[PDB]
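Heads up, the chain shows up twice below as structure tokens, two forms, tagged structure 1 and structure 2.
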Structure 1
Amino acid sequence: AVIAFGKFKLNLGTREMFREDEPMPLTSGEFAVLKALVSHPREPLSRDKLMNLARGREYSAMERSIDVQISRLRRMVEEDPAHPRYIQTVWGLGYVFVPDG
């Protein structure tokens, strides 16, 4: 798709940008953030959201690493890691430490 604004045209598919139909040299970090913003018109996007959308590779890898730590901590700490007592999950909200209290 092609988004126009002001004197600019942005082609989401090929990553070409034009200032009144002369090409502008876009960085790939510039393109990914701009694409996220104009794909979500009038919708404010926080930095965390832009990181998810525009640096998805690194972001996801950080997400999977969290799961590996959790899985390793359960292996070390829990009597049954499939039914952990201290390092638990509440679906939809996150991981949680549940004290003896």
Structure 2
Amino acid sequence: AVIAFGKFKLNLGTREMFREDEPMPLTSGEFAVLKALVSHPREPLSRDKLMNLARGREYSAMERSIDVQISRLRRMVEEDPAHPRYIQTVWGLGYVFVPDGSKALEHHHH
């Protein structure tokens, strides 16, 4: 259904998005990687899993399509793209979506 965060609400069902209840279009590629991030609150997503999730392809350290797509999303979702609040970078792993009053997930192991 609908997911809110900041001034935005995003309808995973229909790919509609609104800022302060005003429609704002998302391209298909933007919905895809935006959804994957949001579908998985607080879960750090590798570029692998993100490329798998959004486009059904395999990724590589060659490519920057994710990072560019992420950049375009931040400029249209983060108040400041420079210091992002919702679409955060986890260094050396990828990107994460953190809701308000939340911190990204840390994994425990054995």
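Counting starts at 1 and follows the sequence of structure 1. Note that the rigid core is defined as the largest set of C-alphas that superpose within 1.5 Å between two forms. Residues that one form lacks are left out of the comparison.
Relative to the superposed rigid core, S39 undergoes a CA displacement smaller than 2 Å between structures 1 and 2. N11 is not among the residues whose C-alpha shifts by 2 Å or more between structures 1 and 2 once the rigid core is aligned; its shift stays under 2 Å.
With the core held fixed, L73 shows a CA shift of 2 Å or greater between structures 1 and 2. Once the core of the two forms is superposed, the Cα of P25 has moved 1.3 Å between structures 1 and 2. Here the rigid core is superposed, and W91 then shows its C-alpha moved by 31.0 angstrom between structures 1 and 2. Structural comparison between structures 1 and 2 after rigid-core fitting shows the C-alpha of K49 displaced 0.4 Å. Segment displaced between structures 1 and 2 is 57-101 alone (run of at least 3 consecutive residues, each Cα moved 2 Å or more after rigid core superposition).
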